[PDB]
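Worksheet: one structure, shown below.
Every residue, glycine among them, receives a Cβ derived from its backbone with ideal geometry; neighbour counts consider all protein chains shown. What follows draws every value from the coordinates through simple rules; no lab data is involved.
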Amino acid sequence: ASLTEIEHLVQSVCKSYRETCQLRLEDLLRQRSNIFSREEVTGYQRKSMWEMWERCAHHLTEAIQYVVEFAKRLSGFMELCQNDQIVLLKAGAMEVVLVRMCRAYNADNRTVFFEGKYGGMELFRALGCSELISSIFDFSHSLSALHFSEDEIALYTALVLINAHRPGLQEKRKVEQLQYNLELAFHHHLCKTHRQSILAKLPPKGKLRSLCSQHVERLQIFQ
Ligand SMILES: CN(C)c1nc2ccc([C@](O)(c3ccncc3)c3cncn3C)cc2c(Cl)c1-c1ccccc1
């Protein structure tokens, strides 16, 4: 409830993000001028569907591990029972990784950083999931227009994970209290930075979960 407590939560959220964000934003930004040549692009397109899914499933799985570390460094999260930790991470972790991808997305030319250089959608053609790739590019383009800071990303992804509506929770009221305090931390932070305007602009509920197709499920077969 307290203002000092709310400030402590904000620093808690931002600290854990800063240590689990995986790639440094200043490196991502420095590399925007480094674009795959047409020859390097064609090299990705000549991958087999399986080879290209093995590569992307490696990335997705790596990124989930970091989101799991992110959650476990939040003080309120380890207080929850382990069942509820599982239910939240299972239902929310892939959605956080998708949000985290907006940092690798350069809205200026509609390219994404991938394995060392920026490339267009055509780079993922060998997945055979054009619709999906397109939908992900359009979602990142939406988030990039908000000019999220690292702190704002940290707080937003916290609210993706800490959702009292996930079915299967056995201490619903605990996660509700946590969700409410995180909403207060988010709103408080945005007021102190005069950035409350973004709340109206956030992607609507459901559209982010709409991203997660079965294309990105059952990835164990890829090793
Ligand atoms: C837009 N889509 C097609 C994607 N973009 C991605 C952009 C970046 C990454 C990174 O993994 C990453 C992850 C987290 N934070 C920073 C970088 C990455 C790139 N270079 C080194 N890394 C670690 C992975 C992406 C993936 Cl897997 C997909 C994707 C691939 C297949 C299906 C769906 C999405």
Within the under-14-Å Cβ sphere about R166, not counting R166, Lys/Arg +1 and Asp/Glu -1 give a net charge of +2
Around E79 (Cβ within 12 Å, Cβ-to-Cβ, excluding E79; K/R +1, D/E -1) the net charge comes to 0
Hits in the stretch 131-147: amide N under 14 Å from the 7 Å Cα→Cβ extension of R73, namely none
Sequence order, the stretch 119-127: Karplus ³J(HN,Hα) from phi using 6.51 cos²θ - 1.76 cosθ + 1.60, θ = phi - 60°, Hz rounded, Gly and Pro as x, gives x, x, 4, 4, 5, 9, 4, 6, 6
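Please give the length that would be gained between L184 and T42 if that part of the chain were fully extended, namely 0.36 nm times their separation in residues minus their C-alpha to C-alpha distance (nm, one decimal).
46.3 nm
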Magnitude of the Cβ-charge dipole (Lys and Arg +1, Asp and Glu -1) of the chain about the Cα centre, nearest 20 debye, reported as 260
Log10 I(q)/I(0) at q = 0.08, 0.09, 0.15, 0.18 Å⁻¹ for the chain, from Debye over equal alpha-carbon scatterers, is -0.30, -0.38, -1.04, -1.43
Cβ-Cβ cut-off under 13 Å around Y105, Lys and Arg +1, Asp and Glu -1: the net charge is +2
Under the 7 Å Cα-to-Cβ spin-label approximation, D27 and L202 lie apart by a distance in nanometres of 2.9
What the 5 Å binned alpha carbon P(r) of the stretch 19-124 shows, as percent of pairs per bin from 0, is 2, 11, 19, 19, 18, 13, 9, 6, 3, 1, 0
